[PDB]
file work-v6.cif (mmCIF, C-alpha atoms and all ligand atoms)
data_query
loop_
_atom_site.label_atom_id
_atom_site.label_comp_id
_atom_site.auth_asym_id
_atom_site.auth_seq_id
_atom_site.Cartn_x
_atom_site.Cartn_y
_atom_site.Cartn_z
CA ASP Z 1 -10.23 9.97 22.89
CA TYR Z 2 -6.37 9.79 22.81
CA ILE Z 3 -4.50 11.58 25.61
CA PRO Z 4 -0.71 11.15 25.80
CA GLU Z 5 0.37 10.36 29.35
CA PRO Z 6 4.19 10.22 29.41
CA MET Z 7 5.82 8.99 32.62
CA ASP Z 8 6.98 11.61 35.13
CA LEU Z 9 10.79 11.53 34.92
CA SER Z 10 11.18 14.99 36.47
CA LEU Z 11 12.79 13.49 39.57
CA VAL Z 12 15.12 10.98 37.86
CA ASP Z 13 18.75 11.73 38.75
CA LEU Z 14 21.32 11.45 35.95
CA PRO Z 15 25.10 11.90 36.36
CA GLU Z 16 26.17 15.46 35.53
CA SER Z 17 29.04 14.04 33.45
CA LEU Z 18 26.37 12.55 31.13
CA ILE Z 19 24.09 15.56 30.85
CA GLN Z 20 27.26 17.45 29.81
CA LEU Z 21 27.38 15.13 26.83
CA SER Z 22 23.73 15.77 25.85
CA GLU Z 23 24.94 17.54 22.73
CA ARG Z 24 27.14 14.69 21.51
CA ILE Z 25 24.23 12.33 21.90
CA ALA Z 26 21.61 14.54 20.25
CA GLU Z 27 24.08 15.13 17.42
CA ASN Z 28 24.56 11.44 16.66
CA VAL Z 29 20.83 10.82 16.77
CA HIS Z 30 20.23 13.66 14.31
CA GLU Z 31 22.92 12.15 12.04
CA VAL Z 32 21.17 8.76 12.06
CA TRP Z 33 17.78 10.47 11.35
CA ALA Z 34 19.27 12.40 8.44
CA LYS Z 35 21.14 9.51 6.90
CA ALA Z 36 17.89 7.55 6.94
CA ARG Z 37 15.88 10.37 5.38
CA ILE Z 38 18.59 11.12 2.82
CA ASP Z 39 18.83 7.42 1.83
CA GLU Z 40 15.08 7.51 0.98
CA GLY Z 41 15.73 10.40 -1.41
CA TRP Z 42 15.09 13.34 0.98
CA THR Z 43 16.98 16.61 0.50
CA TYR Z 44 17.27 19.97 2.24
CA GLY Z 45 14.54 22.48 1.56
CA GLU Z 46 13.58 25.82 3.04
CA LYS Z 47 9.98 24.55 3.34
CA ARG Z 48 8.92 21.06 4.45
CA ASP Z 49 7.33 19.20 1.59
CA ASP Z 50 6.27 15.56 1.37
CA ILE Z 51 5.99 15.44 -2.44
CA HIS Z 52 9.47 16.72 -3.23
CA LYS Z 53 10.81 15.15 -0.05
CA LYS Z 54 12.09 18.44 1.26
CA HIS Z 55 13.09 18.94 4.91
CA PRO Z 56 14.70 22.08 6.44
CA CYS Z 57 16.32 20.04 9.26
CA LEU Z 58 18.53 18.23 6.74
CA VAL Z 59 21.55 20.35 7.70
CA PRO Z 60 24.58 19.63 9.88
CA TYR Z 61 23.50 19.52 13.52
CA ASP Z 62 25.45 22.71 14.44
CA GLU Z 63 23.27 24.60 11.94
CA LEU Z 64 19.95 23.55 13.44
CA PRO Z 65 17.92 26.33 15.05
CA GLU Z 66 18.59 26.28 18.81
CA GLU Z 67 15.07 25.11 19.73
CA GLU Z 68 15.42 22.05 17.51
CA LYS Z 69 18.72 21.33 19.29
CA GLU Z 70 16.93 21.77 22.65
CA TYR Z 71 14.29 19.36 21.49
CA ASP Z 72 16.93 16.77 20.50
CA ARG Z 73 18.98 17.06 23.71
CA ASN Z 74 15.80 16.79 25.76
CA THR Z 75 14.65 13.72 23.83
CA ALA Z 76 18.00 12.09 24.32
CA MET Z 77 17.77 12.81 28.09
CA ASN Z 78 14.20 11.53 28.43
CA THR Z 79 15.20 8.21 26.87
CA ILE Z 80 18.15 7.79 29.19
CA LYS Z 81 16.06 8.82 32.22
CA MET Z 82 13.52 6.20 31.21
CA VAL Z 83 16.30 3.56 31.32
CA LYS Z 84 17.25 4.65 34.84
CA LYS Z 85 13.59 4.61 35.88
CA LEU Z 86 13.27 0.95 34.65
CA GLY Z 87 15.96 -0.09 37.13
CA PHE Z 88 19.35 0.31 35.49
CA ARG Z 89 22.47 1.92 37.00
CA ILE Z 90 24.27 4.43 34.76
CA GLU Z 91 27.77 5.50 35.85
CA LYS Z 92 30.91 6.82 34.20
CA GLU Z 93 33.60 4.12 33.90
CA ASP Z 94 37.25 4.31 34.94
CA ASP P 1 27.88 19.32 0.54
CA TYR P 2 26.22 17.78 3.68
CA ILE P 3 26.73 14.02 4.26
CA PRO P 4 25.46 12.54 7.54
CA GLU P 5 28.05 10.26 9.15
CA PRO P 6 26.59 8.75 12.34
CA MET P 7 28.98 6.85 14.63
CA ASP P 8 29.34 3.07 14.20
CA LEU P 9 27.61 1.49 17.22
CA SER P 10 27.05 -1.87 15.54
CA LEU P 11 29.51 -3.43 17.98
CA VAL P 12 28.26 -1.80 21.21
CA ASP P 13 26.93 -4.40 23.67
CA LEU P 14 23.82 -3.66 25.71
CA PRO P 15 22.39 -5.89 28.40
CA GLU P 16 19.73 -8.17 26.89
CA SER P 17 17.42 -7.29 29.80
CA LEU P 18 17.51 -3.68 28.49
CA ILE P 19 16.86 -4.48 24.86
CA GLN P 20 13.84 -6.46 26.10
CA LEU P 21 12.47 -3.14 27.35
CA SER P 22 12.86 -1.32 23.99
CA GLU P 23 9.10 -1.14 23.56
CA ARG P 24 8.52 0.49 26.96
CA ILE P 25 11.17 3.06 26.20
CA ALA P 26 10.04 3.80 22.61
CA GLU P 27 6.45 4.07 23.82
CA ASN P 28 7.24 6.66 26.48
CA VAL P 29 9.28 8.56 23.93
CA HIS P 30 6.27 8.51 21.58
CA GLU P 31 4.05 9.82 24.40
CA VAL P 32 6.37 12.76 25.06
CA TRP P 33 6.48 13.64 21.32
CA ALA P 34 2.68 13.33 20.97
CA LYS P 35 1.95 15.41 24.05
CA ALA P 36 4.21 18.20 22.82
CA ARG P 37 2.57 18.21 19.38
CA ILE P 38 -0.96 18.01 20.74
CA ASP P 39 -0.22 20.90 23.15
CA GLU P 40 0.74 23.07 20.16
CA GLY P 41 -2.63 22.35 18.57
CA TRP P 42 -1.86 19.23 16.51
CA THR P 43 -4.47 16.51 15.98
CA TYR P 44 -4.76 13.14 14.22
CA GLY P 45 -5.22 13.17 10.47
CA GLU P 46 -4.74 10.34 8.02
CA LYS P 47 -2.61 12.63 5.86
CA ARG P 48 0.17 14.85 7.20
CA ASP P 49 -0.69 18.51 6.90
CA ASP P 50 1.29 21.43 8.32
CA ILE P 51 -1.50 23.96 7.71
CA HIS P 52 -4.18 22.11 9.64
CA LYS P 53 -1.58 20.60 11.99
CA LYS P 54 -2.52 17.06 11.06
CA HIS P 55 -0.32 14.04 11.78
CA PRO P 56 -1.17 10.35 11.23
CA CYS P 57 1.16 9.24 14.08
CA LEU P 58 -0.90 11.01 16.76
CA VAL P 59 -2.42 7.71 17.90
CA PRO P 60 -1.59 5.47 20.86
CA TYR P 61 1.78 3.80 20.44
CA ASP P 62 0.15 0.35 20.01
CA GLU P 63 -1.73 1.58 16.94
CA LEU P 64 1.37 2.84 15.18
CA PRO P 65 2.24 0.82 12.07
CA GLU P 66 4.96 -1.72 12.84
CA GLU P 67 7.70 0.01 10.87
CA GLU P 68 7.14 3.19 12.88
CA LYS P 69 7.47 1.26 16.16
CA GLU P 70 10.57 -0.37 14.68
CA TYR P 71 12.01 3.05 14.01
CA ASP P 72 11.16 4.26 17.54
CA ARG P 73 12.78 1.25 19.24
CA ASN P 74 15.92 1.45 17.10
CA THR P 75 16.26 5.15 17.87
CA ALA P 76 15.86 4.50 21.57
CA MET P 77 18.66 1.87 21.31
CA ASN P 78 20.93 4.09 19.24
CA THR P 79 20.73 6.75 21.94
CA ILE P 80 21.46 4.33 24.77
CA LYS P 81 24.29 2.71 22.81
CA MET P 82 25.86 6.11 22.33
CA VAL P 83 25.91 6.59 26.15
CA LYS P 84 27.73 3.27 26.52
CA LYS P 85 30.13 4.29 23.75
CA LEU P 86 30.86 7.60 25.60
CA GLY P 87 32.22 5.66 28.58
CA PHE P 88 29.26 4.91 30.84
CA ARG P 89 28.34 1.51 32.31
CA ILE P 90 24.70 0.42 32.15
CA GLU P 91 23.58 -2.48 34.34
CA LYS P 92 20.34 -3.77 35.84
CA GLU P 93 20.26 -2.78 39.53
MG MG K 101 3.74 18.60 4.60
#

call {"tool": "encode", "arguments": {"input": "work-v6.cif", "output": "structure tokens"}}
result
Amino acid sequence: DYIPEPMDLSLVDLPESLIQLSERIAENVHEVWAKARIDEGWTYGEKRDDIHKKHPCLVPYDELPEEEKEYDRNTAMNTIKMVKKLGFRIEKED
Amino acid sequence: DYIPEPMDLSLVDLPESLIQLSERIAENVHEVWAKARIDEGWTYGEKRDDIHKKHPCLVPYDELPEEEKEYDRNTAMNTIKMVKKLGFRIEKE
């Protein structure tokens, strides 16, 4: 009975100067995720494993497989697009 | 050898009107995640299971346990704070 129905942000316009920073943003978010997991005793492991608290994405961001990095940049951008869709201006300062 | 060191955003100031919308944002972000998973064959299961592609968070956002929603909202706000920290202004139109 559950069907995800995310909002259509395909036409939201973000500043190019911000999209260029996608990678910074995804990186910080990954760092926060990994500090949280690591604080709860998680460590790096080749195979994901709930019992030994093993996760393969517990590596520096640069070392993530490219599709995981795509995922993270895209997530970052969805979130920000959602903020622009809810009626906020986003502009680079001077 | 790997130590995560996220940036300190504790002192970044967001409009209150935006923080009030945390739940809308986190929800939509949950929908995007759940649609991607479900498209790759994942379904709801009370225990997480990579073989049968089972995940207990594949439920409507409202049904998520409160600590999971907490996590989702905080993540949403981290991301937006990081934009403000990188030199962008964010203001209600
Ligand atoms: Mg598992």

call {"tool": "atom_distance", "arguments": {"input": "work-v6.cif", "atom1": "atom CA of residue P:48", "atom2": "atom CA of residue P:74"}}
result
22.9 Å

call {"tool": "closest_atom_pairs", "arguments": {"input": "work-v6.cif", "of": "chain P", "to": "ligand MG 101 (chain K)", "cutoff": "10 Å", "atoms": "only C-alpha atoms and all ligand atoms", "output": "CSV"}}
result
residue,atom,partner,partner_atom,distance
P:47,CA,K:MG101,MG,8.8
P:48,CA,K:MG101,MG,5.8
P:49,CA,K:MG101,MG,5.0
P:50,CA,K:MG101,MG,5.3
P:51,CA,K:MG101,MG,8.1
P:53,CA,K:MG101,MG,9.3
P:54,CA,K:MG101,MG,9.1
P:55,CA,K:MG101,MG,9.4

call {"tool": "interface_residues", "arguments": {"input": "work-v6.cif", "of": "chain P", "to": "chain Z", "cutoff": "6 Å", "atoms": "only C-alpha atoms", "output": "CSV table (one decimal) with C-alpha atoms, in the coordinates of the input"}}
result
chain,number,residue,atom,x,y,z
P,4,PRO,CA,25.5,12.5,7.5
P,6,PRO,CA,26.6,8.8,12.3
P,28,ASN,CA,7.2,6.7,26.5
P,31,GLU,CA,4.0,9.8,24.4
P,32,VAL,CA,6.4,12.8,25.1
P,35,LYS,CA,2.0,15.4,24.0
P,87,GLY,CA,32.2,5.7,28.6
P,88,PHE,CA,29.3,4.9,30.8
P,89,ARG,CA,28.3,1.5,32.3
P,90,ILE,CA,24.7,0.4,32.2
P,91,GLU,CA,23.6,-2.5,34.3
P,92,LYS,CA,20.3,-3.8,35.8
P,93,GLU,CA,20.3,-2.8,39.5

call {"tool": "atom_distance", "arguments": {"input": "work-v6.cif", "atom1": "atom CA of residue P:58", "atom2": "atom CA of residue P:34"}}
result
6.0 Å

call {"tool": "atom_distance", "arguments": {"input": "work-v6.cif", "atom1": "atom CA of residue P:72", "atom2": "atom CA of residue P:30"}}
result
7.6 Å

call {"tool": "closest_residue", "arguments": {"input": "work-v6.cif", "among": "P:2, P:11, P:79, P:84", "to": "residue Z:23", "atoms": "only C-alpha atoms"}}
result
P:79

call {"tool": "closest_residue", "arguments": {"input": "work-v6.cif", "among": "Z:9, Z:68, Z:40, Z:73", "to": "residue Z:56", "atoms": "all atoms listed in the file"}}
result
Z:68

call {"tool": "build_atoms", "arguments": {"input": "work-v6.cif", "residues": "stretch 31-47 of chain P", "atoms": "N, CA, C and O atoms", "output": "CSV table (one decimal), in the frame of the given file"}}
result
chain,number,residue,atom,x,y,z
P,31,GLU,N,5.0,9.1,23.6
P,31,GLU,CA,4.0,9.8,24.4
P,31,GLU,C,4.5,11.3,24.6
P,31,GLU,O,3.7,12.2,24.5
P,32,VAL,N,5.8,11.4,24.9
P,32,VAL,CA,6.4,12.8,25.1
P,32,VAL,C,6.2,13.6,23.8
P,32,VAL,O,5.7,14.7,23.8
P,33,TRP,N,6.7,13.0,22.6
P,33,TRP,CA,6.5,13.6,21.3
P,33,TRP,C,5.0,14.0,21.0
P,33,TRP,O,4.8,15.1,20.5
P,34,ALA,N,4.1,13.1,21.3
P,34,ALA,CA,2.7,13.3,21.0
P,34,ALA,C,2.0,14.4,21.9
P,34,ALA,O,1.1,15.1,21.5
P,35,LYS,N,2.5,14.4,23.1
P,35,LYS,CA,2.0,15.4,24.0
P,35,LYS,C,2.4,16.8,23.6
P,35,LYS,O,1.7,17.8,23.6
P,36,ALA,N,3.7,16.9,23.3
P,36,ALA,CA,4.2,18.2,22.8
P,36,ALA,C,3.4,18.7,21.6
P,36,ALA,O,2.9,19.8,21.6
P,37,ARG,N,3.3,17.8,20.6
P,37,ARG,CA,2.6,18.2,19.4
P,37,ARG,C,1.1,18.6,19.7
P,37,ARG,O,0.7,19.7,19.3
P,38,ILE,N,0.4,17.7,20.4
P,38,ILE,CA,-1.0,18.0,20.7
P,38,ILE,C,-1.1,19.3,21.6
P,38,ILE,O,-2.2,20.0,21.5
P,39,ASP,N,-0.2,19.7,22.4
P,39,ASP,CA,-0.2,20.9,23.2
P,39,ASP,C,-0.1,22.1,22.3
P,39,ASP,O,-0.7,23.2,22.6
P,40,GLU,N,0.6,22.0,21.1
P,40,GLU,CA,0.7,23.1,20.2
P,40,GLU,C,-0.4,23.0,19.1
P,40,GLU,O,-0.2,23.5,18.0
P,41,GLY,N,-1.5,22.4,19.4
P,41,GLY,CA,-2.6,22.4,18.6
P,41,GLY,C,-2.7,21.2,17.6
P,41,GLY,O,-3.7,21.2,16.8
P,42,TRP,N,-1.8,20.3,17.5
P,42,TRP,CA,-1.9,19.2,16.5
P,42,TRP,C,-2.9,18.2,16.9
P,42,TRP,O,-3.2,17.9,18.0
P,43,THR,N,-3.5,17.5,15.8
P,43,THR,CA,-4.5,16.5,16.0
P,43,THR,C,-4.2,15.4,15.0
P,43,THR,O,-3.3,15.5,14.1
P,44,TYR,N,-4.9,14.3,15.2
P,44,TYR,CA,-4.8,13.1,14.2
P,44,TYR,C,-5.4,13.5,12.9
P,44,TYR,O,-6.5,14.0,12.8
P,45,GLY,N,-4.7,13.1,11.8
P,45,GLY,CA,-5.2,13.2,10.5
P,45,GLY,C,-4.6,12.1,9.7
P,45,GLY,O,-3.4,11.8,9.8
P,46,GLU,N,-5.3,11.5,8.8
P,46,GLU,CA,-4.7,10.3,8.0
P,46,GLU,C,-3.7,10.8,7.0
P,46,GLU,O,-2.8,10.0,6.6
P,47,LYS,N,-3.7,12.1,6.7
P,47,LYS,CA,-2.6,12.6,5.9
P,47,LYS,C,-1.9,13.8,6.6
P,47,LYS,O,-2.5,14.6,7.3
